[PDB]
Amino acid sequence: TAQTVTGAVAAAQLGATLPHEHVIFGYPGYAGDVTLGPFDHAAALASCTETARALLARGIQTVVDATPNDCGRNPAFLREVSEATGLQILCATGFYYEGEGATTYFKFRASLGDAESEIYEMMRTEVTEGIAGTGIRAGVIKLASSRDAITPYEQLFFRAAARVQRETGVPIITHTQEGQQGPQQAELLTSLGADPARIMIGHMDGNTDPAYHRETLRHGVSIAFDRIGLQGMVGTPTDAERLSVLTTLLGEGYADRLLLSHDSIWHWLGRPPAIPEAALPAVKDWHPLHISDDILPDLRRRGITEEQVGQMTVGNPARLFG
């Protein structure tokens, strides 16, 4: 059974799922801008609950919140949103990648002792017991790596997660930076004994060469085109490019291993971002209703079957997280 912020749910009750989104999110440092960028709890709850209701209207029953521990993760808030709407939400345990995470703390611990073991204890505790003493458990482990390599800092997390995976069976979802390291992540995790059927390599839509995806898929892991809607936003390709690669893969029979999400942020922590003019088109379709309203219908018109769409949105999530 999957562990959600309101308790365990049977694989069968997960339904259509968005495997990677962010109810709330803040880049590391946002907490230091608390005076002019405070969290308006009432406003966030209202906004997030309306977004949640809109997903329910689309038949989406579950969302996997992939927010790292150092990026504004708030299991208690996720629980309020879930209790107020009925939307099921899984939260994560893990730290962001070296280039953008709050890395000083664990680099410090690592200099004094066994950081891998401490990260392992944190992950195991949050998965099996609860987070911050709330009784709310993490339903997934979030791992993330840099573009040019899975750094030594990042590896600490990959190794701790592999062990927690082996001991608990918990799912693992990841972040790949700028369309690279997908194969390395799959290889590393599987060589450490992690169950390939419970691993989702993320941001794979970030690379538009299908050879890169097939190689990653050779490891038996699943891969997610989880930033659908974010187009040409520094690196990120266009949705047209994503769909081209996605239909090529579906035609090669990979439906059992493909997942789809937006990586949307429902409410920002810190001061809300003001998107400049030149960037409006890049974020226009970057919201959690995009796949349901635009992408799936477009796949169907391209020849993709209802069975294939259901495999990606309901089948795979049930197997991976349930």
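One-based numbering along the sequence shown.
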Stretch with the higher entry mean CA B-factor, where the candidates are 242 to 250 and 227 to 235 | 227 to 235
On average, which has the higher Cα B-factor in the deposited entry, 18 to 26 or 299 to 307?
-> 299 to 307
Among 201, 102, 141, 197, the highest C-alpha B-factor in the PDB entry belongs to 197
Based on the PDB record, which member of 63, 66, 260, 275 exhibits the highest Cα temperature factor?
-> 275
Among modelled residues of the same chain, the CA temperature factor third for residue 280 | highest
Select lowest, middle or highest to describe the third in which the CA B-factor of residue 34 falls within its chain in this entry.
-> lowest
Looking at the C-alpha B-factor of residue 269, is it in the lowest, middle or highest third of its chain?
-> lowest
Quick tally, chain-level thirds of C-alpha B-factors: residue 146 sits in the lowest
Assigned third (lowest, middle, highest) for the C-alpha B factor of residue 193 = highest
